[PDB]
Each structure stands twice: as structure tokens, then as C-alpha cells.
Amino acid sequence: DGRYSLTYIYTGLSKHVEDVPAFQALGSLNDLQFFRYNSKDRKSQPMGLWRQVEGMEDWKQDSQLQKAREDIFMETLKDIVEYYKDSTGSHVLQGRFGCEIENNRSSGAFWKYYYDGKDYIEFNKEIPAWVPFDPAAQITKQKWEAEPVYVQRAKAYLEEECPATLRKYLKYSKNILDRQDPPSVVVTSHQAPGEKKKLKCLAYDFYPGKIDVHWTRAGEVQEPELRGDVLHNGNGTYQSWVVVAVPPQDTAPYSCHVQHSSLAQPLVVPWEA
Ligand SMILES: *[C@@H]1O[C@H](CO)[C@@H](O[C@@H]2O[C@H](CO)[C@@H](O)[C@H](O)[C@H]2NC(C)=O)[C@H](O)[C@H]1NC(C)=O
Ligand SMILES: *[C@@H]1O[C@H](CO)[C@@H](O)[C@H](O)[C@H]1NC(C)=O
């Protein structure tokens with residue numbers, strides 16, 4: 001088995017402006033975001049390729065969970081602002097947490113918060129306890145550890161629940177995270193009025209991201225004039241391109257090369273003038 005990671009990110013604004021939800025939540029599986037929630041629509045919604053997956057998560061029930069989390073998260077931010085006696089300004093709280101396994105073996109976990117960008121507080125499941133970084137975080141620590149069960153719970157989530165959730169998700173996400181969708185390349189050229197002609201090689205619909213793409217002018221690996229790539233989450237695919245300008249008086253042969261983990265041997269698409 002390989003590496004897989006479940007990560008959640010919560011963002012709250014104490015004084016949100018128009019069209020910007022006061023709270024937002026999102027979760028990623030490796031390099032793909034599989035869900036999102038916000039305080040406006042108030043609903044846990046699957047994303048990308050997970051929109052078509054069934055039986056992995058009762059989104060209607062998670063919606064309720066997210067509302068719960070939201071209330072706590074926002075109460076947390078509220079209290080910090082109360083602490084610094086400054087509710088006229090706008091402040092943000094960001095929570096990041098999750099776990100990761102490698103070879104069906106839990107290989108890591110984390111749970112930390114940031115207030116106005118600086119480290120606010122984090123959990124050390126080895127004590128187990130909360131570690132404060134900001135003075136206000138001391139008050140939070142006190143609250144979050146008022147009962148002995150609390151740290152036990154936080155610990156249980158990081159070492160049991162989260163990874164359990166990750167294993168489950170992996171079952172329903174094989175046809176997603178373990179894909180080897182080979183790239184469809186496409187060579188094309190454009191002549192800007194006044195400039196040299198330029199050749200653009202485009203590899204698309206491939207997954208994972210790691211990939212090699214370069215032009216060759218006479219079997220010689222050229223230096224790209226402009227490079228670029230992207231990730232389409234809804235699709236769950238990657239695109240990557242390279243461009244080269246060709247001398248107005250050049251006849252040499254131009255071919256595009258594309259190496260990808262899903263190819264038995266590299267691909268070569270020559271450009272026909
Ligand atoms: C995956 O999604 C991407 C983005 O929606 C698709 O890329 C577009 O493909 C159309 C052709 O149908 C092009 O005309 C667009 O220019 C592309 N969007 C851009 C600018 O990236 C891609 O076709 C989809 N492929 C799969 C496997 O469904
Ligand atoms: C780890 O994977 C095995 C199958 O490879 C599965 O039976 C097991 O339940 C998973 N996690 C553990 C150790 O329970």
C-alpha cells in the first residue's frame with residue numbers, strides 16, 4: 001500500500017463581509033478536495049469525483065456534524081476576541097487537523113489552530129494535552145481540558161476515529177486515488193503577428209500529477225519558453241503544457257515527449273508543419 005492522508009481545514013471570521021460565509025470547512029484526500037461546508041448553505045457537500053460515489057458518507061448526517069463543529073469553532077474565535085477586548089476589528093481562526101497512513105499503518109496525525117495567522121494552540125496526543133502558544137490559548141486550554149475525558153477523546157479521535165474514517169474512505173475511493181489515467185497529448189502552434197511561431201504541447205486528463213513534458217528540436221531537448229500545469233478537482237485530472245518559439249527560418253524537426261507513471265514507455269508527438 002502507499003501513502004494516504006485525510007485533512008480537514010476550518011476557517012472562521014469574527015466579522016465577515018457580504019458574500020463571505022463566517023465559517024467554512026473543507027476536506028482533502030491526498031491531492032483532492034472531496035468535500036466542503038459553509039455557514040450559508042449550511043450543508044456538507046461532496047466534491048469532484050466523490051459526487052458520484054455512494055455509501056461512503058451520509059452527507060445529510062455529516063451536515064449536522066459540521067453545524068456542531070461550527071458552533072464550537074466560532075465560540076472559540078469569539079472568546080479570543082473577547083480576551084483581547086477588540087470585537088470592532090475583524091479576526092480569523094483557522095483550524096487544521098487530520099491523519100495519515102502508509103501501508104495500512106497510521107503514519108501521522110495533527111491538530112492545530114492559528115489565530116490571525118500565528119500559532120494559537122495544538123494538541124500533543126502523547127501527553128496527551130493541548131499546547132498553547134498565545135496567552136488567550138491558556139483560557140482555551142483550560143476550557144478544553146475541564147474534564148479528564150476531553151484529552152482522552154481528542155486522543156481517541158487522532159489515533160482511532162480519524163484513521164478509521166480514512167480507511168473507510170479509501171475503500172470507496174480506490175477508483176479515484178489509485179488511478180493511472182494516461183495523458184492525452186495535443187501539439188498545436190500559433191503565430192503572433194510579428195513574433196516567431198510558437199509550439200505548444202498539451203498533456204491532459206492524466207493522473208497522478210507527477211509528469212514529464214518537453215519539446216525536442218532535432219532530438220535535442222529544448223528549453224521551454226513558457227510552462228504551466230493545473231489540477232481540475234471536479235474532474236480529478238491534471239493538465240500540463242510547454243511552449244517553444246521556433247526561428248522564422250527553422251526547418252529542424254519538432255517532437256513533444258511525455259513520460260508518465262501510467263505509460264509503459266514515453267510518448268512522442270511530432271509537430272507537422
Ligand atoms: C476534465 O475537466 C477539464 C476541465 O473542466 C476538461 O477540460 C476542458 O476540456 C474542454 C473540452 O471538452 C476544453 O475545451 C476546455 O478548454 C478544457 N478546460 C480547460 C481550459 O482546462 C476536460 O476535458 C475534462 N476531461 C475529462 C476526463 O472529463
Ligand atoms: C489493514 O488492511 C487489512 C487488509 O490489507 C484489513 O483487513 C485491516 O482491517 C486493515 N486495518 C487493520 C489493521 O485493521
# chains A, B, ... in the order shown; residues from 1 in each chain; ligands from 1
>>> closest_atom_pairs(of="chain A", to="ligand 1", cutoff="7 Å", atoms="only C-alpha atoms and all ligand atoms", output="JSON lines")
{"residue": "A:205", "atom": "CA", "partner": "ligand 1", "partner_atom_place_in_ligand_line": "27 (C)", "distance": 4.9}
{"residue": "A:232", "atom": "CA", "partner": "ligand 1", "partner_atom_place_in_ligand_line": "4 (C)", "distance": 5.7}
{"residue": "A:234", "atom": "CA", "partner": "ligand 1", "partner_atom_place_in_ligand_line": "2 (O)", "distance": 6.9}
{"residue": "A:235", "atom": "CA", "partner": "ligand 1", "partner_atom_place_in_ligand_line": "1 (C)", "distance": 4.5}
{"residue": "A:237", "atom": "CA", "partner": "ligand 1", "partner_atom_place_in_ligand_line": "1 (C)", "distance": 6.0}
>>> write_last_selection(atoms="N, CA and C atoms", output="short mmCIF file (atom, residue, chain, number, x, y, z; two decimals), in the first residue's frame")
data_model
loop_
_atom_site.label_atom_id
_atom_site.label_comp_id
_atom_site.auth_asym_id
_atom_site.auth_seq_id
_atom_site.Cartn_x
_atom_site.Cartn_y
_atom_site.Cartn_z
N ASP A 205 -6.03 15.16 -19.01
CA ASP A 205 -6.82 14.06 -18.50
C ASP A 205 -6.02 12.98 -17.80
N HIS A 232 -7.72 19.90 -12.08
CA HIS A 232 -9.16 20.12 -12.14
C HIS A 232 -9.75 19.16 -11.13
N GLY A 234 -12.94 18.87 -9.94
CA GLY A 234 -14.22 18.24 -10.25
C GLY A 234 -14.04 16.99 -11.07
N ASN A 235 -13.08 17.08 -11.96
CA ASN A 235 -12.73 16.02 -12.88
C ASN A 235 -11.77 15.06 -12.19
N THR A 237 -8.51 15.49 -12.68
CA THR A 237 -7.45 15.34 -13.68
C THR A 237 -6.46 16.49 -13.72
#
>>> closest_atom_pairs(of="chain A", to="ligand 2", cutoff="8 Å", atoms="only C-alpha atoms and all ligand atoms", output="CSV")
residue,atom,partner,partner_atom_place_in_ligand_line,distance
A:103,CA,ligand 2,1 (C),8.0
A:104,CA,ligand 2,1 (C),4.8
A:105,CA,ligand 2,13 (C),7.2
A:167,CA,ligand 2,10 (C),7.4
>>> closest_residue(among="A:49, A:121, A:131, A:65", to="residue 94 (chain A)", atoms="only C-alpha atoms")
A:121
>>> select_by_dssp(residues="region 11-252 of chain A", states="alpha helix (DSSP H)", output="number ranges by chain")
A: 59-83, 136-144, 149-156, 162-172, 174-177
>>> residues_around(residues="residue 92 (chain A)", least_positions_apart="2", cutoff="12 Å", atoms="only C-alpha atoms", output="mmCIF file with C-alpha atoms, in the first residue's frame")
data_model
loop_
_atom_site.group_PDB
_atom_site.id
_atom_site.type_symbol
_atom_site.label_atom_id
_atom_site.label_comp_id
_atom_site.auth_asym_id
_atom_site.auth_seq_id
_atom_site.Cartn_x
_atom_site.Cartn_y
_atom_site.Cartn_z
ATOM 1 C CA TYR A 10 -11.809 25.071 9.241
ATOM 2 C CA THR A 11 -11.893 28.831 8.743
ATOM 3 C CA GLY A 12 -13.882 31.324 10.766
ATOM 4 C CA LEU A 13 -14.198 35.099 10.531
ATOM 5 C CA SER A 14 -15.378 37.065 13.566
ATOM 6 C CA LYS A 15 -16.810 39.875 11.409
ATOM 7 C CA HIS A 16 -17.417 38.579 7.875
ATOM 8 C CA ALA A 22 -18.458 33.408 8.551
ATOM 9 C CA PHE A 23 -17.416 29.755 8.643
ATOM 10 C CA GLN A 24 -16.095 27.351 6.028
ATOM 11 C CA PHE A 73 -15.258 26.767 16.347
ATOM 12 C CA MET A 74 -16.987 30.127 16.227
ATOM 13 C CA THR A 76 -13.679 29.658 20.213
ATOM 14 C CA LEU A 77 -12.901 32.639 17.962
ATOM 15 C CA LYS A 78 -15.488 34.699 19.831
ATOM 16 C CA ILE A 80 -10.278 35.055 21.814
ATOM 17 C CA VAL A 81 -11.631 38.348 20.541
ATOM 18 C CA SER A 87 -14.573 42.957 18.567
ATOM 19 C CA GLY A 89 -11.858 44.609 14.222
ATOM 20 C CA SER A 90 -12.090 41.518 12.047
ATOM 21 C CA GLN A 94 -8.080 28.573 11.219
ATOM 22 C CA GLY A 95 -8.081 25.004 12.384
ATOM 23 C CA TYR A 113 -5.122 26.215 15.302
ATOM 24 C CA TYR A 114 -3.942 29.613 14.104
ATOM 25 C CA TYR A 115 -5.322 32.946 15.208
ATOM 26 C CA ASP A 116 -4.749 35.899 12.904
ATOM 27 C CA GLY A 117 -2.114 33.767 11.225
ATOM 28 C CA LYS A 118 0.022 32.987 14.255
ATOM 29 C CA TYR A 120 -2.698 29.640 18.577
#
>>> residues_around(residues="residue 253 (chain A)", least_positions_apart="3", cutoff="9 Å", atoms="only C-alpha atoms", output="list in words")
residues 216, 217, 218, 219, 250, 270, 271 and 272 of chain A
>>> select_by_dssp(residues="region 9-174 of chain A", states="strand (DSSP E)", output="mmCIF file with C-alpha atoms, in the first residue's frame")
data_model
loop_
_atom_site.group_PDB
_atom_site.id
_atom_site.type_symbol
_atom_site.label_atom_id
_atom_site.label_comp_id
_atom_site.auth_asym_id
_atom_site.auth_seq_id
_atom_site.Cartn_x
_atom_site.Cartn_y
_atom_site.Cartn_z
ATOM 1 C CA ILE A 9 -9.482 22.725 7.389
ATOM 2 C CA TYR A 10 -11.809 25.071 9.241
ATOM 3 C CA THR A 11 -11.893 28.831 8.743
ATOM 4 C CA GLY A 12 -13.882 31.324 10.766
ATOM 5 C CA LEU A 13 -14.198 35.099 10.531
ATOM 6 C CA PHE A 23 -17.416 29.755 8.643
ATOM 7 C CA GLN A 24 -16.095 27.351 6.028
ATOM 8 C CA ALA A 25 -14.927 23.779 6.158
ATOM 9 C CA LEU A 26 -13.236 21.562 3.591
ATOM 10 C CA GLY A 27 -11.542 18.187 3.489
ATOM 11 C CA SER A 28 -8.885 16.632 1.305
ATOM 12 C CA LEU A 29 -7.815 13.130 0.385
ATOM 13 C CA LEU A 32 -8.004 16.204 -3.994
ATOM 14 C CA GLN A 33 -10.698 18.068 -2.102
ATOM 15 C CA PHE A 34 -13.594 15.711 -1.538
ATOM 16 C CA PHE A 35 -15.991 17.941 0.357
ATOM 17 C CA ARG A 36 -16.982 21.380 1.605
ATOM 18 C CA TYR A 37 -19.315 23.065 4.066
ATOM 19 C CA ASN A 38 -20.134 26.665 4.964
ATOM 20 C CA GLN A 45 -21.397 18.579 0.134
ATOM 21 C CA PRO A 46 -19.217 16.027 -1.680
ATOM 22 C CA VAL A 92 -9.796 34.881 11.709
ATOM 23 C CA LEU A 93 -9.351 31.474 13.276
ATOM 24 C CA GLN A 94 -8.080 28.573 11.219
ATOM 25 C CA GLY A 95 -8.081 25.004 12.384
ATOM 26 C CA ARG A 96 -6.251 22.224 10.599
ATOM 27 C CA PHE A 97 -6.449 18.584 11.626
ATOM 28 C CA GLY A 98 -6.271 15.112 10.208
ATOM 29 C CA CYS A 99 -4.236 11.933 9.998
ATOM 30 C CA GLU A 100 -2.251 9.833 7.572
ATOM 31 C CA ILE A 101 -1.391 6.190 6.960
ATOM 32 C CA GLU A 102 1.223 4.427 4.885
ATOM 33 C CA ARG A 105 -0.330 1.703 9.006
ATOM 34 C CA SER A 106 -1.204 5.025 10.722
ATOM 35 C CA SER A 107 1.847 7.131 9.965
ATOM 36 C CA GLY A 108 0.934 10.503 11.478
ATOM 37 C CA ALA A 109 -1.655 12.901 12.923
ATOM 38 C CA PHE A 110 -2.022 16.576 13.731
ATOM 39 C CA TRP A 111 -4.472 19.091 15.158
ATOM 40 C CA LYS A 112 -3.553 22.754 15.323
ATOM 41 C CA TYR A 113 -5.122 26.215 15.302
ATOM 42 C CA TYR A 114 -3.942 29.613 14.104
ATOM 43 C CA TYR A 115 -5.322 32.946 15.208
ATOM 44 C CA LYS A 118 0.022 32.987 14.255
ATOM 45 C CA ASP A 119 0.131 29.675 16.076
ATOM 46 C CA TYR A 120 -2.698 29.640 18.577
ATOM 47 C CA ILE A 121 -2.800 26.127 20.034
ATOM 48 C CA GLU A 122 -2.117 22.486 19.118
ATOM 49 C CA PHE A 123 -2.690 19.008 20.525
ATOM 50 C CA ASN A 124 0.050 16.616 21.579
ATOM 51 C CA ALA A 129 -2.818 17.501 26.174
ATOM 52 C CA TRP A 130 -3.220 20.872 24.472
ATOM 53 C CA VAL A 131 -0.171 23.086 23.952
ATOM 54 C CA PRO A 132 -0.936 26.844 23.988
#
>>> atom_distance(atom1="CA of residue 83 (chain A)", atom2="CA of residue 135 (chain A)")
9.3 Å
>>> closest_residue(among="A:152, A:138, A:260, A:249", to="residue 184 (chain A)", atoms="only C-alpha atoms")
A:260
>>> closest_residue(among="A:127, A:151, A:166, A:246", to="residue 273 (chain A)", atoms="only C-alpha atoms")
A:246
>>> residues_around(residues="residue 244 (chain A)", least_positions_apart="4", cutoff="8 Å", atoms="only C-alpha atoms", output="ChimeraX atom specification")
/A:198-200,215,222-226
>>> residues_around(residues="residue 67 (chain A)", least_positions_apart="3", cutoff="10 Å", atoms="only C-alpha atoms", output="JSON, numbers by chain")
{"A": [23, 37, 38, 39, 42, 43, 44, 62, 63, 64, 70, 71, 72, 73]}
>>> write_last_selection(atoms="N, CA, C and O atoms", output="compact mmCIF listing (two decimals), in the first residue's frame")
# COMPACT_ATOMS: atom_id res chain seq x y z
N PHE A 23 -18.10 31.02 8.40
CA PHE A 23 -17.42 29.76 8.64
C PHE A 23 -17.40 28.90 7.38
O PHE A 23 -18.37 28.88 6.62
N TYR A 37 -18.18 22.63 3.28
CA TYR A 37 -19.32 23.07 4.07
C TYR A 37 -19.16 24.55 4.42
O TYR A 37 -18.04 25.05 4.55
N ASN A 38 -20.26 25.27 4.56
CA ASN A 38 -20.13 26.67 4.96
C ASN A 38 -21.36 27.08 5.77
O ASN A 38 -22.38 26.41 5.76
N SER A 39 -21.24 28.19 6.48
CA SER A 39 -22.32 28.67 7.32
C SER A 39 -23.50 29.31 6.57
O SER A 39 -24.48 29.72 7.18
N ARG A 42 -25.20 25.96 4.83
CA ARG A 42 -25.21 25.05 5.98
C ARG A 42 -25.25 23.55 5.63
O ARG A 42 -25.83 22.77 6.40
N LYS A 43 -24.63 23.15 4.51
CA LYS A 43 -24.66 21.74 4.09
C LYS A 43 -23.33 21.07 3.71
O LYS A 43 -22.51 21.65 3.01
N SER A 44 -23.13 19.84 4.18
CA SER A 44 -21.92 19.09 3.86
C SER A 44 -22.07 18.53 2.46
O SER A 44 -22.88 17.62 2.23
N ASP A 62 -23.61 14.22 8.13
CA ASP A 62 -22.39 14.98 8.35
C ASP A 62 -22.75 16.46 8.43
O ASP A 62 -22.14 17.21 9.19
N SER A 63 -23.74 16.87 7.65
CA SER A 63 -24.15 18.27 7.68
C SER A 63 -24.39 18.67 9.12
O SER A 63 -23.94 19.72 9.57
N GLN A 64 -25.08 17.81 9.85
CA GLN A 64 -25.38 18.07 11.25
C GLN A 64 -24.10 18.16 12.06
O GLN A 64 -23.97 19.03 12.92
N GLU A 70 -19.08 23.82 13.78
CA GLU A 70 -19.15 25.25 13.51
C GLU A 70 -19.40 26.08 14.76
O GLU A 70 -18.67 27.04 15.04
N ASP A 71 -20.43 25.71 15.51
CA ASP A 71 -20.79 26.43 16.73
C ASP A 71 -19.65 26.51 17.71
O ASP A 71 -19.41 27.55 18.31
N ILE A 72 -18.95 25.39 17.87
CA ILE A 72 -17.82 25.35 18.78
C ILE A 72 -16.66 26.20 18.26
O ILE A 72 -16.08 26.99 19.00
N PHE A 73 -16.34 26.03 16.98
CA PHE A 73 -15.26 26.77 16.35
C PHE A 73 -15.47 28.26 16.49
O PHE A 73 -14.56 28.99 16.92
>>> closest_residue(among="A:182, A:247, A:236, A:228", to="residue 202 (chain A)", atoms="only C-alpha atoms")
A:228
